[PDB]
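Chains as they are written, first to last, in the deposited numbering: chain F, 10 to 110; chain T, 1 to 78; chain L, 2 to 446; chain M, 20 to 439. Where is the CB? At the ideal position from N, CA and C, for every residue including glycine.
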Amino acid sequence: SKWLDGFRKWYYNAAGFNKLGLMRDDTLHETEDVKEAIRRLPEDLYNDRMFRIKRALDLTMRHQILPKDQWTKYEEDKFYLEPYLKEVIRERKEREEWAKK
Amino acid sequence: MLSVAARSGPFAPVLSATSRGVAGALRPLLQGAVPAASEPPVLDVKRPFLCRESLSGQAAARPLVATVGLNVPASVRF
Amino acid sequence: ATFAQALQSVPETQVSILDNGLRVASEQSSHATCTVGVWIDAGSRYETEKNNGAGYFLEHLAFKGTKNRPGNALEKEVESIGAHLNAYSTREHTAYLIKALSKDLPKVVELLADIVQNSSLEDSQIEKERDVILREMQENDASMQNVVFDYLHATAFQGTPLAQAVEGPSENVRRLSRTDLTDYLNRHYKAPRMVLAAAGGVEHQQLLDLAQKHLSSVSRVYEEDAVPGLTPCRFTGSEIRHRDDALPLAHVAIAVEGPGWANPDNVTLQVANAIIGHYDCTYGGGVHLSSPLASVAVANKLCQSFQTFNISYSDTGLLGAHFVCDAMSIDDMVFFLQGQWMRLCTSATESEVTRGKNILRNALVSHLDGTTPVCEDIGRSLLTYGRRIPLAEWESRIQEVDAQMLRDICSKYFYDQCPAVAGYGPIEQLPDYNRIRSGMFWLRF
Amino acid sequence: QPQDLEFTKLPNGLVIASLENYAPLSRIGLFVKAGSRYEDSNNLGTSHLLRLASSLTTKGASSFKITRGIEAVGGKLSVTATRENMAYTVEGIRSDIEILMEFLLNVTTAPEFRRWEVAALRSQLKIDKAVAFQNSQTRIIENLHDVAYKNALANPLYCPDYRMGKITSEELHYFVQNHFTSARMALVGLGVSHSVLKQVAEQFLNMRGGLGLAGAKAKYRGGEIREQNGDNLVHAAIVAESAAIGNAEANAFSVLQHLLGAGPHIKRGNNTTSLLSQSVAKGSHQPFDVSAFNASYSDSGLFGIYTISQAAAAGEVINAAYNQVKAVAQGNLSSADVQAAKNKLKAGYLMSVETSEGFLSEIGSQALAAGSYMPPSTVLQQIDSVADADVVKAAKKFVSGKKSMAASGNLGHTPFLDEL
Numbered sequence: 010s011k012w013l014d015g016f017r018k019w020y021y022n023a024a025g026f027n028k029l030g031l032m033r034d035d036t037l038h039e040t041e042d043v044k045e046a047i048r049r050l051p052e053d054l055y056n057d058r059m060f061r062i063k064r065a066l067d068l069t070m071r072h073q074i075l076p077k078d079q080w081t082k083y084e085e086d087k088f089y090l091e092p093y094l095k096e097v098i099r100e101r102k103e104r105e106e107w108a109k110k
Numbered sequence: 001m002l003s004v005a006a007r008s009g010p011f012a013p014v015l016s017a018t019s020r021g022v023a024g025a026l027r028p029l030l031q032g033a034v035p036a037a038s039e040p041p042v043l044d045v046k047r048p049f050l051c052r053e054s055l056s057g058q059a060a061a062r063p064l065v066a067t068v069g070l071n072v073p074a075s076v077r078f
Numbered sequence: 002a003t004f005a006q007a008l009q010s011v012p013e014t015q016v017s018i019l020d021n022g023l024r025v026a027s028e029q030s031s032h033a034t035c036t037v038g039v040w041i042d043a044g045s046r047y048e049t050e051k052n053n054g055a056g057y058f059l060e061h062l063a064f065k066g067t068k069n070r071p072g073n074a075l076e077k078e079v080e081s082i083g084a085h086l087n088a089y090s091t092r093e094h095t096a097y098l099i100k101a102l103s104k105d106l107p108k109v110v111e112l113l114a115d116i117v118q119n120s121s122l123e124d125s126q127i128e129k130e131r132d133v134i135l136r137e138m139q140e141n142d143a144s145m146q147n148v149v150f151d152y153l154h155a156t157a158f159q160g161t162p163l164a165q166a167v168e169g170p171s172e173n174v175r176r177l178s179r180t181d182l183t184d185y186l187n188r189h190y191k192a193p194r195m196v197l198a199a200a201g202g203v204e205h206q207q208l209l210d211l212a213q214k215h216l217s218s219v220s221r222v223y224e225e226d227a228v229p230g231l232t233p234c235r236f237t238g239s240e241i242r243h244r245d246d247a248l249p250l251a252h253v254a255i256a257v258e259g260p261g262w263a264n265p266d267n268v269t270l271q272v273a274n275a276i277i278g279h280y281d282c283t284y285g286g287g288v289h290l291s292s293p294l295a296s297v298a299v300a301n302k303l304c305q306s307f308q309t310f311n312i313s314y315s316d317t318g319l320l321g322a323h324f325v326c327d328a329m330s331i332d333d334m335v336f337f338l339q340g341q342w343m344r345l346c347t348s349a350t351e352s353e354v355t356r357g358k359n360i361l362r363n364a365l366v367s368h369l370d371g372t373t374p375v376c377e378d379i380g381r382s383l384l385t386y387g388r389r390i391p392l393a394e395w396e397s398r399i400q401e402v403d404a405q406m407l408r409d410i411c412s413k414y415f416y417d418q419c420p421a422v423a424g425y426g427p428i429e430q431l432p433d434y435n436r437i438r439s440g441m442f443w444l445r446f
Numbered sequence: 020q021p022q023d024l025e026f027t028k029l030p031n032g033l034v035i036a037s038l039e040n041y042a043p044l045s046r047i048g049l050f051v052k053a054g055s056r057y058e059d060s061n062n063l064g065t066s067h068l069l070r071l072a073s074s075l076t077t078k079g080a081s082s083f084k085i086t087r088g089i090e091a092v093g094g095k096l097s098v099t100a101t102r103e104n105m106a107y108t109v110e111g112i113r114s115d116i117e118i119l120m121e122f123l124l125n126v127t128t129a130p131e132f133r134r135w136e137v138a139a140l141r142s143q144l145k146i147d148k149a150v151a152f153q154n155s156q157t158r159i160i161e162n163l164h165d166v167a168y169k170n171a172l173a174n175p176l177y178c179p180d181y182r183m184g185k186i187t188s189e190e191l192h193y194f195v196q197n198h199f200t201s202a203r204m205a206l207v208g209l210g211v212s213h214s215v216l217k218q219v220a221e222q223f224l225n226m227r228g229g230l231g232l233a234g235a236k237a238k239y240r241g242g243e244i245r246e247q248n249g250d251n252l253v254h255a256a257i258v259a260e261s262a263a264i265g266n267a268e269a270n271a272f273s274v275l276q277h278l279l280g281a282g283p284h285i286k287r288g289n290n291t292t293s294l295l296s297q298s299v300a301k302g303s304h305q306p307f308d309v310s311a312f313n314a315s316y317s318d319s320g321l322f323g324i325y326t327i328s329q330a331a332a333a334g335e336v337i338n339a340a341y342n343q344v345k346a347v348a349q350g351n352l353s354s355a356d357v358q359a360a361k362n363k364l365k366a367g368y369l370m371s372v373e374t375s376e377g378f379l380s381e382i383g384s385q386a387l388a389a390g391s392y393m394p395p396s397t398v399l400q401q402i403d404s405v406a407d408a409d410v411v412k413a414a415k416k417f418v419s420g421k422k423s424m425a426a427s428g429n430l431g432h433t434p435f436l437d438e439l
């Protein structure tokens, strides 16, 4: 709804990972399937993610945040890791079902 | 002008291999480095052939064909 | 049009006996070719360490001249009719084979009878083939797998005629004479231990008439009633380690005592061998292989290859696994192989058992596709079981096999049994016998 | 219908052949003209990566699903690759031939070719090439084709060492979309119904384009290369151009190959009838192995002599073999030897047919080549129809033709092409 988008944007600003330049797919925890997704990532996306995490670690070491214009926003928060992660989950569920059989 | 360096202009360092057994006083240009060349895989040693009776049958007489499989060994037939 | 209906539609072989006891068997197919062979129940298990290379000498010298056709005349006739010729000898059996057309059957059976009956052994040819055997022994010594299998046979059947290799020692090869060859021919090439097997476009009536014409006079009687006898060969738990660190890879074979030919546990143990599976480094399966040992081998990069073998002899056998790996993965591969063996021994599941059963169906039918393997199966079946076991009977045995009795038979044959270990190469990583035994029992079951 | 082979051709160019022999094991083969021939200099090794990538994740079945399902059936999936054509063969129980055909067509028609999978698989390419080059005859034949042809057959059947790490999923998809098309495939089957075969044919293979890319006609070049690697024995192949598949000249060349000796028929024998072995053993006291190498293709052929000998006696062995073939070309032959060669060829062809694997391979090759069934009776009829004058003509053509030599070993005494 129209109310839901504004509340989600407010919660996204309250999360605070946009202030350090992250994205949601960067901030999700690195499990086994996540590691497989990062391995399956292309080279350019992997390099951008690695630089974003390194800059985030530098910023949190300095106890600073990015400027307001340089914060990432909700509309261009691309979900690059979503299809790779979804495919890894689907393959792992297929392996689990075959192990159940 | 009875020499490779005095005859071949730019081909002197190509036709002549120079090895400095003892390090010189001046540094050499284009020192070079080996960029960690890979190793071929270790495989089982194929048998030698010492008698003609066991030597027969290994001269190829048909076109080369390869065969791979999901659960059968990759063979080659001559 | 089901599997059982197809196995019923498989043609039935025919067996007959000559007046001297020689067995004649035939399977007729729609093929335009035929495979005709002679199987003799003789080998290293019957050799008594003084003629240890007599069978190897005889299979080298049976094609280098006969009484009727001297020198290379039999070779000239074989090339003229275009037939392929072959022979081999295992520790129990000696096989001669001819692959030819259906129109050259009388010439083929006459050549086979002349080879197995009138083999002329000239001394110059004996010397030449003796040099050939020395060179071939050097070549087979340079072969990695054959050395390990011979070492395994020796260290498993030590003190018995089953320990000695088929080729025999070089001292016996050099000191063996023509009179030993004639003694072996007149003692072991008897009529009732011969099976004339034909497979393909061949009629059993014509084969029987030709066998009556040619193989009637084989002299089944003995020279002074010097009848030999089958003696059981003990199995022992032991190891041999030929350490030579300069070699690139290590070959290790670990086996236990088998059930024998006549034991009905052969089908169950072959199904279990299908559960364990086999792997080569060129396999396209990768990590997703159904065999868990092959899966962990791919995942940890342990072995170049492994295979599972069930070699059966008269009331005995070597049953186990042979793997080639590097010098740094032998311990882990032995650990994983023993873990899979006792996963089969303790907790076997019906899904994997059905997978292995279907693998065995495919393996048997794919092996029995072909005139030459059908002839080989006929000869080996008449020599071992005394009869040809039909594919319907094999399928009935696989239907009888399920998870519970597979578990019981695997616990009977693998669990807490002293194994035979043969290692060749850089096998410092290979564990001790006590560690192998400690892997050969679990503390949780 | 056990009596004959049911044969149909779909309007899109696909060929469907079936035989219901009620065999316990049913075989399904798919034969495609997508070998190493159809690569230019930019995508070498793509055929090798496709052949090793025949078990990847597909649009319809994952790689895990393909492997686990096929090994749960217990049936076999394999790829047999030549320079000309690839063959995807599946075999299994008649009850599970349906799911085996589904897996086979899912992995042939629509593979995804994920880039992480091929990145993990190029190491397997390197390992497979090493295992293939474990013996030297593969290397000799590859070098022989490479120096015999300018293009379209000089392409190596295995991936080059530089191309390892360079073959992309885009190149694989381009190769599949340009060569895995309906007009150049044949779906053959043993122990399967023609109705089921044609049903799955229009259920999968209906959505491919047409003839696709043609090729490069494989111009001949001649020449020689010599790989000195210090091996204990010297291998040397000296060949020249011959006929293509589908010629009486090619049949005469095969008869000439079996006359000069295509290999041993007797284990540990002397090879007393093969003229090459007789001529070499007339003046040699060393281990040797000489044979007539023959390899025909769609538009060109290669016929010559293959010699394995000692380093010192290599020149004598090669010269003796070449003089034997020169005598054959001059006309020193007997009709009895030609009839024996024809009998050897008939026996070899019939023993190739007698195995169901070889029968399926021959059926698929005939369907791809001629688009029709030629029965073995008619094949033996034309083999008998080969005349000895054509054998002399083929020998003269090999003698007079331009030479291609691939040698390897310790070549201190191995002669050159101008010395022959």
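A346 of chain M: member of the alpha helix (DSSP H) spanning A333 to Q349, first to last residue.
The Cβ-Cβ distance between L50 of chain T and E140 of chain L falls below 7 Å.
In chain order, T34, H85 and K100 make up the part of chain L whose C-beta sits under 8 Å from the C-beta of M370 of chain M. Neighbours of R70 of chain M across chain T, judged by C-beta separation under 8 Å: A66 and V68. Selection L:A423, L:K214 and L:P229 evaluated against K191 of chain L yields L:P229 as nearest (Cα-Cα). DSSP places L38 of chain M inside the beta strand (DSSP E), whose first and last residues are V34 to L38. Among the residues of chain L, none has a CB under 7 Å from the CB of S56 of chain T; the nearest is roughly 12 Å distant. The criterion of a C-beta distance shorter than 7 Å is not satisfied by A413 of chain M and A256 of chain M. A Cβ-Cβ distance of about 11 Å is found for the pair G38 of chain L and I116 of chain L, leaving them out of contact under the 8 Å criterion. Given a length threshold of 4 residues, each whole run of the alpha helix (DSSP H) inside the stretch 190-247 of chain M is given here in chain order: 213-223.
With respect to chain T, the C-beta atom of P374 of chain L has no partner C-beta closer than 7 Å. The C-alpha of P30 of chain M is placed about 52 Å away from the C-alpha of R47 of chain T.
Going by C-alpha positions, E225 of chain L is about 54 Å away from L399 of chain M. Per DSSP, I437 of chain L is not a residue of any beta strand (DSSP E); the alpha helix (DSSP H) it occupies stretches across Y434 to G440. Contact annotation: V98 of chain M and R141 of chain M have beta-carbon atoms that are not nearer than 7 Å. Closest in C-alpha terms to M370 of chain M, from the list L:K214, L:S239, L:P374 and L:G340, comes L:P374.
For a cut-off of 8 Å, the C-beta gap from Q146 of chain L to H252 of chain L is around 6 Å, short enough to register as a contact. Within chain M, the residues whose beta carbon sits less than 7 Å from that of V72 of chain T are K95 and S97, listed in sequence order. The contact set of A37 of chain T on chain M, defined by CB atoms closer than 7 Å, is empty, because the minimum CB distance reaches about 11 Å.
Beta-carbon to beta-carbon, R46 of chain M and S375 of chain M are separated by about 6 Å, close enough to satisfy the 8 Å threshold. Of the candidates M:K28, M:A262 and M:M120, M:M120 places its Cα closest to the Cα of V211 of chain M. With a threshold of 16 other beta carbon atoms within 10 Å, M70 of chain F falls short and is exposed.
The residue from L:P107, L:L345 and L:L250 with its alpha-carbon nearest to that of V272 of chain L is L:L345.
When Cβ pairs closer than 8 Å are counted between the two stretches, the stretch 401-409 of chain M is seen not to touch the stretch 332-346 of chain M, the count staying below three. No Cβ-Cβ contact shorter than 7 Å links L290 of chain L with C326 of chain L. A contact between stretches requires three or more CB pairs, one per stretch, nearer than 8 Å, and the stretch 202-213 of chain L meets this requirement with the stretch 27-45 of chain L. Leaving aside the five residues that flank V166 of chain M on each side, the residues in its chain whose CB is nearer than 8 Å to its CB run, in chain order, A173, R240, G241, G242, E243, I244, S423, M424 and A425. When C-beta atoms of the stretch 173-183 of chain L are compared with those of the stretch 53-68 of chain L, three or more pairs fall below 8 Å, so the two segments count as touching. In this structure, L144 of chain M places its C-beta atom within 7 Å of the C-beta atom of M183 of chain M. The CB of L43 of chain T comes closer than 8 Å to the CB of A149, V150 and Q153 in chain M, given here in chain order. Contacts with chain T (Cβ-Cβ distance below 7 Å) from the stretch 119-149 of chain L involve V133, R136, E137, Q139, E140, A143, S144 and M145, listed in chain order. Excluding five sequence positions before and after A386 of chain M, the CB atoms of its chain that fall closer than 7 Å to its own CB belong to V34, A36, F50, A205 and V207, given in chain order.
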